[PDB]
2 protein chains.
Amino acid sequence: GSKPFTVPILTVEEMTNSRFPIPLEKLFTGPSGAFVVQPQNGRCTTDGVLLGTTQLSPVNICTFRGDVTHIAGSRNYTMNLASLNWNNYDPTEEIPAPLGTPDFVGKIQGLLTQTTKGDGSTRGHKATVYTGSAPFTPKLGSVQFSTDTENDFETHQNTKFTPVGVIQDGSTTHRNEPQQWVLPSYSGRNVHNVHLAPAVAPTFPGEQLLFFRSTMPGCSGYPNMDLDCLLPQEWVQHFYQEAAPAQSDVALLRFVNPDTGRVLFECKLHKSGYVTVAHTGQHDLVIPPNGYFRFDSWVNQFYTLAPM
Amino acid sequence: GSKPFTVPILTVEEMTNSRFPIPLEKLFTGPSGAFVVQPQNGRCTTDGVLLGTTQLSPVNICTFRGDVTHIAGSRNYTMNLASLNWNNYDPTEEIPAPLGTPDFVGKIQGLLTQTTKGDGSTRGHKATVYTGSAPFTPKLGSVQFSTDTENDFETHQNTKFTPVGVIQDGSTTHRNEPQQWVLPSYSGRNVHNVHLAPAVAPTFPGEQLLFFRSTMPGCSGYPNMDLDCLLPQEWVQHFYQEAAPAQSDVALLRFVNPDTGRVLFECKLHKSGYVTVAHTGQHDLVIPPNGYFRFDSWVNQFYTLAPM
């Protein structure tokens, strides 16, 4: 008597990254035993429980909202954060940081925009947030932006950061940042993170994570633009709505090619919300544009997949 | 023997505008008999046929992709457009303009970003596209951007425009632009638009359209930031996947409050993909945060709704 489980029939390129507001481009697998994989956006169980900093909107990912104060002698502004819905932010909620906060160390560039309530006057400036910086303390309710202005923003008016891409310091080793697998210190460098979605890894010999990969826009320097999420944003929204009970630890998915009627590969969708495949090595999967994932049966962690 | 029709159970504030990449904020109704309502994004039949310039990604709305050429003596660049998937653009496809092209007259500001293939060097600059301007000819394969640089972009490298918000000329009447209900001339001012999704209007006495409303960020001046879509982007994605046959011209939806177990109002979801309500006048609906739409039955255009 369990509600039947399903995944969307959208193709990979019809879906959105859950860790930055950009389309998915491809599937990728590679080894990850040497480091901790613990993203906080795009985290959702198959029965629809959102985890980490995950929220439902594709366009809120890596945004910030609040009001700003200028730092004298610079073009930097401190943003005192509001909640996702523009209310007072509560640092005691059982989350790592405000919902949608970036979950990687990087220099994220976009625009800071603001509207003055009284007259509807507006202003917008290019801005960058360094999520590895000392003033990056979103859990405590504040972050800092570097901008292209020293005077134009007003205090005590609603201000939004819309992310666009990432930057790197061209005087240093190319592609050395962002570091997509390094979590920010959400409460600053001396405080440990809390309420995290758990780290993930394959347990089965010969398996690797299967990542849903995009390329972030680059805005300066020589950034590492790869961005891998564990679940498309549309899968997060789907599971949240369906809330179908997990009948075992692992849902077996087949990736099907409608142009031949044949299965390309099978994979495990773990109930805690990540996918594994039987492959060793780094590999950009080559998939048909109409290929789709299809749930076939409940298995468990002991199931041996056919090699990808 | 028709597949049962459904709408998502996401609440309004859990969904995304289909005409600009921003969250929905509220439902709004107002009269629109005096002008043509003919948006091209967020257009989809209830049985899943995308119309106009509508595509499936929330984050591709109002983006452009291609490569750029500098216009000497200015900070303007012409973008020679690529298709949504970065391939050669075909002006003969039976669409009004490339998928995701803006469907309103306005000055849309964001960032133009670029990556040089050979070395992975990147660059990003603030940029604005005037969709009412003479060089706005996306159907013909080109648009113009005003930027903050006269030399930094390379030719013949992939370049992306990511929209953020809108601007207005503060020396003129406040809130006189954008004009969300004026279509661009996709092939320029002397050529009529083609392959459009149809104009929509209530036919029933005492009915008005029900709009899914957001506020676009403003980036300069005193813009009109209201943005009304006919369907949330998540509804477009849902109908596209479900493809449930329309059993009549109109699906009757009830908007339900789970905190009381009572219906707040009922509305008509027309099979061609828009909603009407029985109300006269401009009205910001006040809805509970957990309220949701629920499909109850197939009716037709002659059905009399209870007053909203």
# chains A, B, ... in the order shown; residues from 1 in each chain; ligands from 1
>>> interface_residues(of="chain A", to="chain B", cutoff="6 Å", atoms="only C-alpha atoms", output="mmCIF file with C-alpha atoms, in the first residue's frame")
data_model
loop_
_atom_site.group_PDB
_atom_site.id
_atom_site.type_symbol
_atom_site.label_atom_id
_atom_site.label_comp_id
_atom_site.auth_asym_id
_atom_site.auth_seq_id
_atom_site.Cartn_x
_atom_site.Cartn_y
_atom_site.Cartn_z
ATOM 1 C CA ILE A 22 21.888 27.190 -14.922
ATOM 2 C CA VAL A 59 16.165 30.811 -9.473
ATOM 3 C CA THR A 113 19.957 45.482 -7.165
ATOM 4 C CA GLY A 120 10.311 53.238 -6.649
ATOM 5 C CA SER A 121 13.768 54.463 -7.651
ATOM 6 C CA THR A 122 16.188 51.644 -8.437
ATOM 7 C CA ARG A 123 19.880 50.941 -8.835
ATOM 8 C CA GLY A 124 22.014 47.963 -9.791
ATOM 9 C CA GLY A 218 33.028 32.724 -16.001
ATOM 10 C CA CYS A 219 33.352 36.445 -15.396
ATOM 11 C CA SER A 220 37.118 36.977 -14.986
ATOM 12 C CA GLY A 221 40.322 34.996 -14.855
ATOM 13 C CA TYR A 222 40.602 31.260 -15.413
#
>>> residues_around(residues="residue 27 in chain B", least_positions_apart="5", cutoff="6 Å", atoms="only C-alpha atoms", output="PyMOL selection string")
chain B and resi 211-213+285
>>> write_last_selection(atoms="C-alpha atoms", output="PDB file, in the first residue's frame")
ATOM      1  CA  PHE B 211      -2.214  36.354 -13.457  1.00  0.00           C
ATOM      2  CA  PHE B 212       0.756  34.805 -11.687  1.00  0.00           C
ATOM      3  CA  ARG B 213       2.687  37.910 -10.680  1.00  0.00           C
ATOM      4  CA  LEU B 285      -5.318  38.293  -4.104  1.00  0.00           C
TER       5      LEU B 285
END
>>> atom_distance(atom1="CA of residue 30 in chain B", atom2="CA of residue 207 in chain B")
9.4 Å
>>> select_by_dssp(residues="range 74-236 of chain A", states="strand (DSSP E or B)", output="PyMOL selection string")
chain A and resi 76-82+88+105+107-115+122-130+137+142-147+159-167+179+200+207-215+218-221+226-229
>>> closest_residue(among="A:295, A:104, A:5, A:64", to="residue 138 in chain A", atoms="only C-alpha atoms")
A:64
>>> residues_around(residues="range 299-303 of chain B", least_positions_apart="5", cutoff="7 Å", atoms="only C-alpha atoms", output="PyMOL selection string")
chain B and resi 248-252
>>> write_last_selection(atoms="C-alpha atoms", output="short mmCIF file (atom, residue, chain, number, x, y, z; two decimals), in the first residue's frame")
data_model
loop_
_atom_site.label_atom_id
_atom_site.label_comp_id
_atom_site.auth_asym_id
_atom_site.auth_seq_id
_atom_site.Cartn_x
_atom_site.Cartn_y
_atom_site.Cartn_z
CA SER B 248 -13.38 19.77 -22.55
CA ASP B 249 -12.39 23.39 -23.16
CA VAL B 250 -12.08 24.26 -19.47
CA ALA B 251 -10.70 22.60 -16.38
CA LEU B 252 -12.35 23.79 -13.19
#
>>> residues_around(residues="residue 155 in chain A", least_positions_apart="4", cutoff="9 Å", atoms="only C-alpha atoms", output="MDAnalysis selection string")
chainID A and resid 67:70
>>> write_last_selection(atoms="C-alpha atoms", output="PDB file, in the first residue's frame")
ATOM      1  CA  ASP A  67      19.749  45.419   3.220  1.00  0.00           C
ATOM      2  CA  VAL A  68      23.242  46.848   2.872  1.00  0.00           C
ATOM      3  CA  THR A  69      25.718  49.120   4.639  1.00  0.00           C
ATOM      4  CA  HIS A  70      28.767  50.663   2.996  1.00  0.00           C
TER       5      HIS A  70
END
>>> residues_around(residues="residue 142 in chain A", least_positions_apart="3", cutoff="8 Å", atoms="only C-alpha atoms", output="list in words")
residues 78, 79, 80, 81, 135, 136, 137, 138 and 139 of chain A
>>> write_last_selection(atoms="N, CA, C and O atoms", output="PDB file, in the first residue's frame")
ATOM      1  N   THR A  78      28.368  45.449   3.410  1.00  0.00           N
ATOM      2  CA  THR A  78      27.851  44.361   4.208  1.00  0.00           C
ATOM      3  C   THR A  78      26.358  44.221   3.974  1.00  0.00           C
ATOM      4  O   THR A  78      25.632  45.207   4.056  1.00  0.00           O
ATOM      5  N   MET A  79      25.900  43.005   3.697  1.00  0.00           N
ATOM      6  CA  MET A  79      24.473  42.722   3.623  1.00  0.00           C
ATOM      7  C   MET A  79      24.020  42.027   4.885  1.00  0.00           C
ATOM      8  O   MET A  79      24.530  40.960   5.241  1.00  0.00           O
ATOM      9  N   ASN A  80      23.083  42.677   5.567  1.00  0.00           N
ATOM     10  CA  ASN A  80      22.382  42.062   6.674  1.00  0.00           C
ATOM     11  C   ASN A  80      21.218  41.286   6.096  1.00  0.00           C
ATOM     12  O   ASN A  80      20.295  41.843   5.488  1.00  0.00           O
ATOM     13  N   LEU A  81      21.304  39.969   6.228  1.00  0.00           N
ATOM     14  CA  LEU A  81      20.409  39.084   5.496  1.00  0.00           C
ATOM     15  C   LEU A  81      19.003  39.060   6.050  1.00  0.00           C
ATOM     16  O   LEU A  81      18.790  39.095   7.257  1.00  0.00           O
ATOM     17  N   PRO A 135      34.543  37.451   6.169  1.00  0.00           N
ATOM     18  CA  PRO A 135      33.219  38.028   6.445  1.00  0.00           C
ATOM     19  C   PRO A 135      32.033  37.235   5.878  1.00  0.00           C
ATOM     20  O   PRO A 135      30.891  37.674   5.989  1.00  0.00           O
ATOM     21  N   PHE A 136      32.282  36.099   5.231  1.00  0.00           N
ATOM     22  CA  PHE A 136      31.192  35.256   4.759  1.00  0.00           C
ATOM     23  C   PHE A 136      30.606  34.479   5.936  1.00  0.00           C
ATOM     24  O   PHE A 136      31.061  33.390   6.275  1.00  0.00           O
ATOM     25  N   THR A 137      29.588  35.059   6.560  1.00  0.00           N
ATOM     26  CA  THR A 137      28.980  34.467   7.750  1.00  0.00           C
ATOM     27  C   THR A 137      27.454  34.435   7.595  1.00  0.00           C
ATOM     28  O   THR A 137      26.707  34.937   8.451  1.00  0.00           O
ATOM     29  N   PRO A 138      26.962  33.801   6.525  1.00  0.00           N
ATOM     30  CA  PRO A 138      25.513  33.845   6.295  1.00  0.00           C
ATOM     31  C   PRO A 138      24.688  33.224   7.433  1.00  0.00           C
ATOM     32  O   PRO A 138      23.576  33.691   7.691  1.00  0.00           O
ATOM     33  N   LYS A 139      25.186  32.164   8.082  1.00  0.00           N
ATOM     34  CA  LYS A 139      24.437  31.589   9.203  1.00  0.00           C
ATOM     35  C   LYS A 139      24.227  32.608  10.323  1.00  0.00           C
ATOM     36  O   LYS A 139      23.196  32.593  10.999  1.00  0.00           O
TER      37      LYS A 139
END
>>> atom_distance(atom1="CA of residue 284 in chain B", atom2="CA of residue 28 in chain B")
4.7 Å
>>> residues_around(residues="residue 39 in chain B", least_positions_apart="3", cutoff="12 Å", atoms="only C-alpha atoms", output="NGL selection string")
:B and (18-20 or 36 or 42-44 or 51-54 or 96 or 100-105 or 179-184 or 196-201 or 211 or 227-231 or 273-274)
>>> atom_distance(atom1="CA of residue 282 in chain B", atom2="CA of residue 262 in chain B")
24.3 Å
>>> closest_residue(among="B:271, B:3, B:26, B:189", to="residue 289 in chain B", atoms="only C-alpha atoms")
B:26
>>> residues_around(residues="residue 266 in chain A", least_positions_apart="5", cutoff="10 Å", atoms="only C-alpha atoms", output="list in words")
residues 252, 253, 254, 255, 256, 276, 277, 278, 293, 294, 295, 296, 305, 306, 307 and 308 of chain A
>>> write_last_selection(atoms="N, CA and C atoms", output="PDB file, in the first residue's frame")
ATOM      1  N   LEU A 252      16.111   1.285  -8.459  1.00  0.00           N
ATOM      2  CA  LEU A 252      16.834   0.975  -9.680  1.00  0.00           C
ATOM      3  C   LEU A 252      16.233   1.757 -10.842  1.00  0.00           C
ATOM      4  N   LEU A 253      17.050   2.595 -11.472  1.00  0.00           N
ATOM      5  CA  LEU A 253      16.647   3.330 -12.666  1.00  0.00           C
ATOM      6  C   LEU A 253      17.337   2.781 -13.888  1.00  0.00           C
ATOM      7  N   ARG A 254      16.599   2.743 -14.980  1.00  0.00           N
ATOM      8  CA  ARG A 254      17.164   2.460 -16.300  1.00  0.00           C
ATOM      9  C   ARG A 254      17.123   3.736 -17.119  1.00  0.00           C
ATOM     10  N   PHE A 255      18.237   4.041 -17.775  1.00  0.00           N
ATOM     11  CA  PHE A 255      18.301   5.169 -18.700  1.00  0.00           C
ATOM     12  C   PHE A 255      18.067   4.634 -20.104  1.00  0.00           C
ATOM     13  N   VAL A 256      16.945   5.054 -20.696  1.00  0.00           N
ATOM     14  CA  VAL A 256      16.392   4.468 -21.912  1.00  0.00           C
ATOM     15  C   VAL A 256      16.533   5.383 -23.087  1.00  0.00           C
ATOM     16  N   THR A 276      24.327   6.380  -8.118  1.00  0.00           N
ATOM     17  CA  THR A 276      25.600   5.712  -8.422  1.00  0.00           C
ATOM     18  C   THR A 276      25.479   4.838  -9.677  1.00  0.00           C
ATOM     19  N   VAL A 277      26.628   4.616 -10.315  1.00  0.00           N
ATOM     20  CA  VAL A 277      26.757   3.796 -11.517  1.00  0.00           C
ATOM     21  C   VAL A 277      27.978   2.890 -11.360  1.00  0.00           C
ATOM     22  N   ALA A 278      28.006   1.798 -12.108  1.00  0.00           N
ATOM     23  CA  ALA A 278      29.163   0.902 -12.118  1.00  0.00           C
ATOM     24  C   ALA A 278      30.152   1.339 -13.205  1.00  0.00           C
ATOM     25  N   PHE A 293      15.474   8.817 -17.766  1.00  0.00           N
ATOM     26  CA  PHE A 293      15.518   7.871 -16.660  1.00  0.00           C
ATOM     27  C   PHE A 293      14.120   7.347 -16.374  1.00  0.00           C
ATOM     28  N   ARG A 294      14.065   6.069 -16.034  1.00  0.00           N
ATOM     29  CA  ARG A 294      12.813   5.416 -15.730  1.00  0.00           C
ATOM     30  C   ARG A 294      12.998   4.510 -14.524  1.00  0.00           C
ATOM     31  N   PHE A 295      12.162   4.708 -13.511  1.00  0.00           N
ATOM     32  CA  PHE A 295      12.182   3.835 -12.351  1.00  0.00           C
ATOM     33  C   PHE A 295      11.628   2.464 -12.688  1.00  0.00           C
ATOM     34  N   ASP A 296      12.402   1.407 -12.432  1.00  0.00           N
ATOM     35  CA  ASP A 296      11.947   0.043 -12.728  1.00  0.00           C
ATOM     36  C   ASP A 296      11.631  -0.813 -11.524  1.00  0.00           C
ATOM     37  N   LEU A 305      24.998  -3.664 -10.233  1.00  0.00           N
ATOM     38  CA  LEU A 305      24.638  -3.055 -11.507  1.00  0.00           C
ATOM     39  C   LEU A 305      25.438  -3.661 -12.648  1.00  0.00           C
ATOM     40  N   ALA A 306      24.829  -3.717 -13.823  1.00  0.00           N
ATOM     41  CA  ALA A 306      25.562  -3.985 -15.043  1.00  0.00           C
ATOM     42  C   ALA A 306      26.526  -2.821 -15.268  1.00  0.00           C
ATOM     43  N   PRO A 307      27.757  -3.109 -15.707  1.00  0.00           N
ATOM     44  CA  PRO A 307      28.705  -2.030 -15.990  1.00  0.00           C
ATOM     45  C   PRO A 307      28.099  -0.971 -16.911  1.00  0.00           C
ATOM     46  N   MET A 308      28.339   0.292 -16.581  1.00  0.00           N
ATOM     47  CA  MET A 308      27.779   1.389 -17.347  1.00  0.00           C
ATOM     48  C   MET A 308      28.277   1.322 -18.780  1.00  0.00           C
TER      49      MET A 308
END
